[PDB]
file data.pdb (PDB, C-alpha atoms)
ATOM      1  CA  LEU A   2      82.326  69.989 -25.512  1.00  0.00           C
ATOM      2  CA  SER A   3      81.587  67.396 -28.219  1.00  0.00           C
ATOM      3  CA  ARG A   4      84.835  66.119 -29.578  1.00  0.00           C
ATOM      4  CA  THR A   5      83.290  64.008 -32.341  1.00  0.00           C
ATOM      5  CA  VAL A   6      84.808  64.440 -35.814  1.00  0.00           C
ATOM      6  CA  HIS A   7      81.904  64.309 -38.251  1.00  0.00           C
ATOM      7  CA  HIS A   8      81.790  63.582 -42.009  1.00  0.00           C
ATOM      8  CA  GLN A   9      84.396  60.832 -42.211  1.00  0.00           C
ATOM      9  CA  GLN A  10      82.690  58.967 -45.049  1.00  0.00           C
ATOM     10  CA  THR A  11      85.781  58.409 -47.204  1.00  0.00           C
ATOM     11  CA  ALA A  12      87.838  57.208 -44.240  1.00  0.00           C
ATOM     12  CA  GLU A  13      84.929  54.876 -43.325  1.00  0.00           C
ATOM     13  CA  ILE A  14      84.560  53.347 -46.818  1.00  0.00           C
ATOM     14  CA  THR A  15      88.302  52.946 -47.130  1.00  0.00           C
ATOM     15  CA  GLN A  16      88.418  50.852 -43.979  1.00  0.00           C
ATOM     16  CA  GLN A  17      85.176  49.006 -44.847  1.00  0.00           C
ATOM     17  CA  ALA A  18      86.647  47.965 -48.207  1.00  0.00           C
ATOM     18  CA  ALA A  19      89.915  46.888 -46.656  1.00  0.00           C
ATOM     19  CA  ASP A  20      88.043  44.807 -44.084  1.00  0.00           C
ATOM     20  CA  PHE A  21      85.772  43.313 -46.771  1.00  0.00           C
ATOM     21  CA  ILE A  22      88.763  42.334 -48.933  1.00  0.00           C
ATOM     22  CA  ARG A  23      90.636  40.848 -45.962  1.00  0.00           C
ATOM     23  CA  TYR A  24      87.719  38.649 -44.941  1.00  0.00           C
ATOM     24  CA  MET A  25      86.810  37.756 -48.548  1.00  0.00           C
ATOM     25  CA  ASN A  26      90.448  36.590 -49.187  1.00  0.00           C
ATOM     26  CA  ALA A  27      90.559  34.606 -45.937  1.00  0.00           C
ATOM     27  CA  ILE A  28      87.264  32.888 -46.680  1.00  0.00           C
ATOM     28  CA  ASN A  29      88.171  32.266 -50.295  1.00  0.00           C
ATOM     29  CA  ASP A  30      91.551  30.832 -49.405  1.00  0.00           C
ATOM     30  CA  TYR A  31      90.091  28.488 -46.767  1.00  0.00           C
ATOM     31  CA  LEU A  32      87.372  27.161 -49.071  1.00  0.00           C
ATOM     32  CA  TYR A  33      89.824  26.731 -51.956  1.00  0.00           C
ATOM     33  CA  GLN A  34      91.983  24.568 -49.647  1.00  0.00           C
ATOM     34  CA  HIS A  35      88.924  22.742 -48.265  1.00  0.00           C
ATOM     35  CA  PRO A  36      86.206  22.659 -50.870  1.00  0.00           C
ATOM     36  CA  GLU A  37      84.358  19.936 -48.930  1.00  0.00           C
ATOM     37  CA  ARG A  38      83.521  22.546 -46.240  1.00  0.00           C
ATOM     38  CA  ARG A  39      81.007  24.120 -48.695  1.00  0.00           C
ATOM     39  CA  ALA A  40      78.416  21.428 -48.116  1.00  0.00           C
ATOM     40  CA  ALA A  41      78.029  22.082 -44.438  1.00  0.00           C
ATOM     41  CA  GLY A  42      76.748  25.683 -44.604  1.00  0.00           C
ATOM     42  CA  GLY A  43      76.873  28.303 -41.837  1.00  0.00           C
ATOM     43  CA  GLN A  44      80.014  30.306 -41.358  1.00  0.00           C
ATOM     44  CA  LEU A  45      83.734  29.693 -41.096  1.00  0.00           C
ATOM     45  CA  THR A  46      85.168  30.451 -37.658  1.00  0.00           C
ATOM     46  CA  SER A  47      87.598  33.089 -36.371  1.00  0.00           C
ATOM     47  CA  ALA A  48      90.204  30.403 -35.925  1.00  0.00           C
ATOM     48  CA  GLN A  49      89.776  29.210 -39.552  1.00  0.00           C
ATOM     49  CA  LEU A  50      90.017  32.754 -40.903  1.00  0.00           C
ATOM     50  CA  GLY A  51      92.771  33.900 -38.540  1.00  0.00           C
ATOM     51  CA  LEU A  52      90.772  37.065 -37.981  1.00  0.00           C
ATOM     52  CA  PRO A  53      88.725  38.069 -34.983  1.00  0.00           C
ATOM     53  CA  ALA A  54      85.067  39.021 -35.085  1.00  0.00           C
ATOM     54  CA  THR A  55      84.125  41.964 -37.256  1.00  0.00           C
ATOM     55  CA  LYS A  56      81.141  44.240 -37.367  1.00  0.00           C
ATOM     56  CA  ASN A  57      81.239  45.559 -40.897  1.00  0.00           C
ATOM     57  CA  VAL A  58      81.490  42.404 -43.051  1.00  0.00           C
ATOM     58  CA  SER A  59      79.183  39.339 -42.989  1.00  0.00           C
ATOM     59  CA  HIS A  60      79.203  35.962 -44.650  1.00  0.00           C
ATOM     60  CA  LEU A  61      77.193  32.835 -45.157  1.00  0.00           C
ATOM     61  CA  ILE A  62      77.674  29.532 -46.922  1.00  0.00           C
ATOM     62  CA  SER A  63      74.388  28.352 -48.507  1.00  0.00           C
ATOM     63  CA  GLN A  64      73.694  25.749 -51.133  1.00  0.00           C
ATOM     64  CA  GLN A  65      77.499  25.297 -51.438  1.00  0.00           C
ATOM     65  CA  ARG A  66      78.200  28.911 -52.434  1.00  0.00           C
ATOM     66  CA  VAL A  67      79.686  31.487 -50.171  1.00  0.00           C
ATOM     67  CA  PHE A  68      78.349  35.026 -49.907  1.00  0.00           C
ATOM     68  CA  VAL A  69      80.231  37.946 -48.351  1.00  0.00           C
ATOM     69  CA  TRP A  70      78.605  41.341 -48.034  1.00  0.00           C
ATOM     70  CA  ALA A  71      78.661  44.861 -46.650  1.00  0.00           C
ATOM     71  CA  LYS A  72      76.191  47.736 -46.426  1.00  0.00           C
ATOM     72  CA  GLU A  73      76.421  49.812 -49.647  1.00  0.00           C
ATOM     73  CA  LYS A  74      77.724  53.388 -49.564  1.00  0.00           C
ATOM     74  CA  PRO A  75      78.622  55.830 -52.253  1.00  0.00           C
ATOM     75  CA  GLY A  76      82.040  54.901 -53.697  1.00  0.00           C
ATOM     76  CA  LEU A  77      82.324  51.673 -51.672  1.00  0.00           C
ATOM     77  CA  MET A  78      82.247  49.722 -54.978  1.00  0.00           C
ATOM     78  CA  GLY A  79      85.086  51.808 -56.420  1.00  0.00           C
ATOM     79  CA  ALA A  80      87.106  51.363 -53.192  1.00  0.00           C
ATOM     80  CA  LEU A  81      86.641  47.591 -53.336  1.00  0.00           C
ATOM     81  CA  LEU A  82      87.755  47.632 -56.930  1.00  0.00           C
ATOM     82  CA  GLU A  83      90.734  49.833 -56.159  1.00  0.00           C
ATOM     83  CA  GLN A  84      91.955  47.719 -53.245  1.00  0.00           C
ATOM     84  CA  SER A  85      91.568  44.506 -55.328  1.00  0.00           C
ATOM     85  CA  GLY A  86      93.361  45.862 -58.474  1.00  0.00           C
ATOM     86  CA  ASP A  87      89.992  45.746 -60.257  1.00  0.00           C
ATOM     87  CA  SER A  88      89.858  42.007 -59.832  1.00  0.00           C
ATOM     88  CA  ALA A  89      87.012  41.376 -57.310  1.00  0.00           C
ATOM     89  CA  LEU A  90      83.882  40.124 -59.052  1.00  0.00           C
ATOM     90  CA  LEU A  91      81.100  41.928 -57.221  1.00  0.00           C
ATOM     91  CA  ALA A  92      77.300  42.308 -57.312  1.00  0.00           C
ATOM     92  CA  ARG A  93      74.445  44.124 -55.540  1.00  0.00           C
ATOM     93  CA  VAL A  94      71.251  43.122 -53.692  1.00  0.00           C
ATOM     94  CA  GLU A  95      68.214  45.313 -54.220  1.00  0.00           C
ATOM     95  CA  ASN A  96      64.610  44.364 -53.425  1.00  0.00           C
ATOM     96  CA  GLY A  97      65.610  40.796 -52.556  1.00  0.00           C
ATOM     97  CA  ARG A  98      67.268  40.308 -55.967  1.00  0.00           C
ATOM     98  CA  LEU A  99      70.861  39.705 -56.983  1.00  0.00           C
ATOM     99  CA  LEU A 100      71.961  42.308 -59.547  1.00  0.00           C
ATOM    100  CA  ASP A 101      75.175  42.507 -61.492  1.00  0.00           C
ATOM    101  CA  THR A 102      77.213  45.718 -61.389  1.00  0.00           C
ATOM    102  CA  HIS A 103      75.272  46.966 -64.421  1.00  0.00           C
ATOM    103  CA  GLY A 104      71.981  46.459 -62.572  1.00  0.00           C
ATOM    104  CA  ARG A 105      70.802  43.367 -64.474  1.00  0.00           C
ATOM    105  CA  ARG A 106      69.147  40.547 -62.549  1.00  0.00           C
ATOM    106  CA  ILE A 107      71.128  37.389 -61.935  1.00  0.00           C
ATOM    107  CA  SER A 108      68.408  34.694 -61.676  1.00  0.00           C
ATOM    108  CA  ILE A 109      69.710  32.814 -58.603  1.00  0.00           C
ATOM    109  CA  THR A 110      67.596  32.519 -55.493  1.00  0.00           C
ATOM    110  CA  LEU A 111      69.354  34.420 -52.708  1.00  0.00           C
ATOM    111  CA  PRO A 112      69.390  33.239 -49.125  1.00  0.00           C
ATOM    112  CA  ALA A 113      66.619  35.130 -47.300  1.00  0.00           C
ATOM    113  CA  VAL A 114      69.034  36.312 -44.627  1.00  0.00           C
ATOM    114  CA  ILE A 115      70.985  38.613 -46.940  1.00  0.00           C
ATOM    115  CA  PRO A 116      69.757  42.200 -46.602  1.00  0.00           C
ATOM    116  CA  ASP A 117      69.010  44.655 -49.407  1.00  0.00           C
ATOM    117  CA  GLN A 118      71.304  47.570 -50.236  1.00  0.00           C
ATOM    118  CA  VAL A 119      74.520  45.584 -49.906  1.00  0.00           C
ATOM    119  CA  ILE A 120      77.481  44.993 -52.110  1.00  0.00           C
ATOM    120  CA  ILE A 121      78.069  41.281 -52.338  1.00  0.00           C
ATOM    121  CA  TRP A 122      80.577  38.706 -53.467  1.00  0.00           C
ATOM    122  CA  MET A 123      79.330  35.225 -54.202  1.00  0.00           C
ATOM    123  CA  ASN A 124      81.854  32.477 -54.987  1.00  0.00           C
TER     124      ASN A 124
END
call {"tool": "encode", "arguments": {"input": "data.pdb", "output": "structure tokens"}}
result
Amino acid sequence: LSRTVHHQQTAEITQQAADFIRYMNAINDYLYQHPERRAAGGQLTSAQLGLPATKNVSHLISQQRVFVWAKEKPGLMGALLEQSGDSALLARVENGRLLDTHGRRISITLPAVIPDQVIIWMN
């Protein structure tokens, strides 16, 4: 007997977007309060975010900008937009390049530790 329920892609992206937005907002709020933290790099902690560890959203502060990202899936962009009232300003990483949502290169050098095929927020 396998009890596994397959094909839960929409449920998965719904929760991935909610997690992304939760972490994004917590990171954004902390750095808005404490802009001097940008210079140090690395990551904010679980205590600073008030959120425990998570497996489906990653972040990094580099060259005083913060980057938050998740593995791209069909409709994940639309779910992020839905759950942010169309307000999140998002981008993509493809072949080591930052692309806007219309696929045009944004000529910033990305940290080398961000993977391809993610949706990303840089702020």
call {"tool": "residues_around", "arguments": {"input": "data.pdb", "residues": "residue 51 (chain A)", "least_positions_apart": "6", "cutoff": "10 Å", "atoms": "all atoms listed in the file", "output": "VMD selection string"}}
result
chain A and resid 24 27 to 28
call {"tool": "closest_residue", "arguments": {"input": "data.pdb", "among": "A:123, A:41, A:12, A:111", "to": "residue 89 (chain A)", "atoms": "all atoms listed in the file"}}
result
A:123
call {"tool": "residues_around", "arguments": {"input": "data.pdb", "residues": "region 7-11 of chain A", "least_positions_apart": "2", "cutoff": "10 Å", "atoms": "only C-alpha atoms", "output": "NGL selection string"}}
result
:A and (4-5 or 13-17 or 74-77 or 80)
call {"tool": "closest_residue", "arguments": {"input": "data.pdb", "among": "A:56, A:30, A:20, A:69", "to": "residue 44 (chain A)", "atoms": "all atoms listed in the file"}}
result
A:69
call {"tool": "closest_residue", "arguments": {"input": "data.pdb", "among": "A:122, A:68, A:33, A:21", "to": "residue 91 (chain A)", "atoms": "only C-alpha atoms"}}
result
A:122
call {"tool": "axis_aligned_box", "arguments": {"input": "data.pdb", "around": "region 18-29 of chain A", "padding_each_side": "8 Å", "output": "lines of an AutoDock Vina configuration file"}}
result
center_x = 88.2
center_y = 40.1
center_z = -47.2
size_x = 20.9
size_y = 31.7
size_z = 22.2
call {"tool": "closest_residue", "arguments": {"input": "data.pdb", "among": "A:34, A:108, A:124, A:96", "to": "residue 66 (chain A)", "atoms": "only C-alpha atoms"}}
result
A:124
call {"tool": "atom_distance", "arguments": {"input": "data.pdb", "atom1": "CA of residue 43 (chain A)", "atom2": "CA of residue 62 (chain A)"}}
result
5.3 Å
call {"tool": "residues_around", "arguments": {"input": "data.pdb", "residues": "residue 105 (chain A)", "least_positions_apart": "4", "cutoff": "10 Å", "atoms": "all atoms listed in the file", "output": "ChimeraX atom specification"}}
result
/A:92-93,98-101
call {"tool": "resolve_selection", "arguments": {"input": "data.pdb", "expression": "the PyMOL selection byres ((chain A and resi 83-86) around 9)", "output": "ChimeraX atom specification"}}
result
/A:15,18-19,22,78-82,87-89
call {"tool": "atom_distance", "arguments": {"input": "data.pdb", "atom1": "CA of residue 97 (chain A)", "atom2": "CA of residue 55 (chain A)"}}
result
24.0 Å
call {"tool": "resolve_selection", "arguments": {"input": "data.pdb", "expression": "the PyMOL selection byres ((chain A and resi 45) around 10)", "output": "short mmCIF file (atom, residue, chain, number, x, y, z; two decimals) with C-alpha atoms, in the frame of the given file"}}
result
data_model
loop_
_atom_site.label_atom_id
_atom_site.label_comp_id
_atom_site.auth_asym_id
_atom_site.auth_seq_id
_atom_site.Cartn_x
_atom_site.Cartn_y
_atom_site.Cartn_z
CA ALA A 27 90.56 34.61 -45.94
CA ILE A 28 87.26 32.89 -46.68
CA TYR A 31 90.09 28.49 -46.77
CA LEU A 32 87.37 27.16 -49.07
CA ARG A 38 83.52 22.55 -46.24
CA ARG A 39 81.01 24.12 -48.70
CA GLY A 42 76.75 25.68 -44.60
CA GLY A 43 76.87 28.30 -41.84
CA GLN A 44 80.01 30.31 -41.36
CA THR A 46 85.17 30.45 -37.66
CA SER A 47 87.60 33.09 -36.37
CA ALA A 48 90.20 30.40 -35.92
CA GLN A 49 89.78 29.21 -39.55
CA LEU A 50 90.02 32.75 -40.90
CA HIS A 60 79.20 35.96 -44.65
CA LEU A 61 77.19 32.84 -45.16
CA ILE A 62 77.67 29.53 -46.92
#
call {"tool": "atom_distance", "arguments": {"input": "data.pdb", "atom1": "CA of residue 63 (chain A)", "atom2": "CA of residue 116 (chain A)"}}
result
14.7 Å
call {"tool": "build_atoms", "arguments": {"input": "data.pdb", "residues": "region 8-29 of chain A", "atoms": "N, CA, C and O atoms", "output": "compact mmCIF listing (two decimals), in the coordinates of the input"}}
result
# COMPACT_ATOMS: atom_id res chain seq x y z
N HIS A 8 81.56 63.53 -40.55
CA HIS A 8 81.79 63.58 -42.01
C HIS A 8 83.02 62.83 -42.43
O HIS A 8 83.76 63.27 -43.32
N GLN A 9 83.22 61.66 -41.84
CA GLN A 9 84.40 60.83 -42.21
C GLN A 9 84.05 59.70 -43.16
O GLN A 9 84.61 58.62 -43.11
N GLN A 10 83.15 59.99 -44.09
CA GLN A 10 82.69 58.97 -45.05
C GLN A 10 83.79 58.31 -45.86
O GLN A 10 83.82 57.10 -45.98
N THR A 11 84.72 59.08 -46.42
CA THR A 11 85.78 58.41 -47.20
C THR A 11 86.70 57.54 -46.33
O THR A 11 87.04 56.39 -46.69
N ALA A 12 87.07 58.05 -45.17
CA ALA A 12 87.84 57.21 -44.24
C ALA A 12 87.07 55.92 -43.92
O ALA A 12 87.65 54.84 -43.81
N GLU A 13 85.77 56.04 -43.65
CA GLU A 13 84.93 54.88 -43.32
C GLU A 13 84.90 53.87 -44.48
O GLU A 13 85.06 52.63 -44.24
N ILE A 14 84.66 54.34 -45.72
CA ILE A 14 84.56 53.35 -46.82
C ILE A 14 85.91 52.75 -47.12
O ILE A 14 86.03 51.59 -47.50
N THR A 15 86.98 53.52 -46.92
CA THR A 15 88.30 52.95 -47.13
C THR A 15 88.56 51.78 -46.20
O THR A 15 89.01 50.74 -46.67
N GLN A 16 88.21 51.92 -44.93
CA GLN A 16 88.42 50.85 -43.98
C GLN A 16 87.41 49.70 -44.18
O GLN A 16 87.76 48.52 -44.08
N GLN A 17 86.17 50.03 -44.53
CA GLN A 17 85.18 49.01 -44.85
C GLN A 17 85.65 48.17 -46.03
O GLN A 17 85.50 46.93 -46.00
N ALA A 18 86.22 48.77 -47.09
CA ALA A 18 86.65 47.96 -48.21
C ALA A 18 87.83 47.12 -47.82
O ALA A 18 87.91 45.96 -48.27
N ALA A 19 88.75 47.68 -47.03
CA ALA A 19 89.92 46.89 -46.66
C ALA A 19 89.50 45.70 -45.82
O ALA A 19 90.00 44.55 -46.05
N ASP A 20 88.58 45.94 -44.88
CA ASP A 20 88.04 44.81 -44.08
C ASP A 20 87.34 43.74 -44.94
O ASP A 20 87.53 42.51 -44.75
N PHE A 21 86.47 44.21 -45.84
CA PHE A 21 85.77 43.31 -46.77
C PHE A 21 86.82 42.44 -47.52
O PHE A 21 86.70 41.19 -47.66
N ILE A 22 87.84 43.09 -48.08
CA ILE A 22 88.76 42.33 -48.93
C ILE A 22 89.53 41.33 -48.08
O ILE A 22 89.78 40.18 -48.52
N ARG A 23 89.88 41.73 -46.87
CA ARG A 23 90.64 40.85 -45.96
C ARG A 23 89.86 39.60 -45.63
O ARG A 23 90.42 38.46 -45.66
N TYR A 24 88.58 39.79 -45.27
CA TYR A 24 87.72 38.65 -44.94
C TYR A 24 87.39 37.80 -46.17
O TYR A 24 87.44 36.55 -46.11
N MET A 25 86.97 38.44 -47.26
CA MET A 25 86.81 37.76 -48.55
C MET A 25 88.01 36.83 -48.86
O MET A 25 87.85 35.63 -49.12
N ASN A 26 89.23 37.39 -48.87
CA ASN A 26 90.45 36.59 -49.19
C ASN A 26 90.62 35.44 -48.21
O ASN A 26 90.93 34.30 -48.60
N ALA A 27 90.39 35.70 -46.93
CA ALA A 27 90.56 34.61 -45.94
C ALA A 27 89.54 33.47 -46.12
O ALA A 27 89.89 32.26 -46.02
N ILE A 28 88.31 33.86 -46.41
CA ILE A 28 87.26 32.89 -46.68
C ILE A 28 87.50 32.10 -47.95
O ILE A 28 87.41 30.85 -47.97
N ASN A 29 87.87 32.85 -48.99
CA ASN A 29 88.17 32.27 -50.30
C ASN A 29 89.33 31.27 -50.19
O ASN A 29 89.27 30.15 -50.71
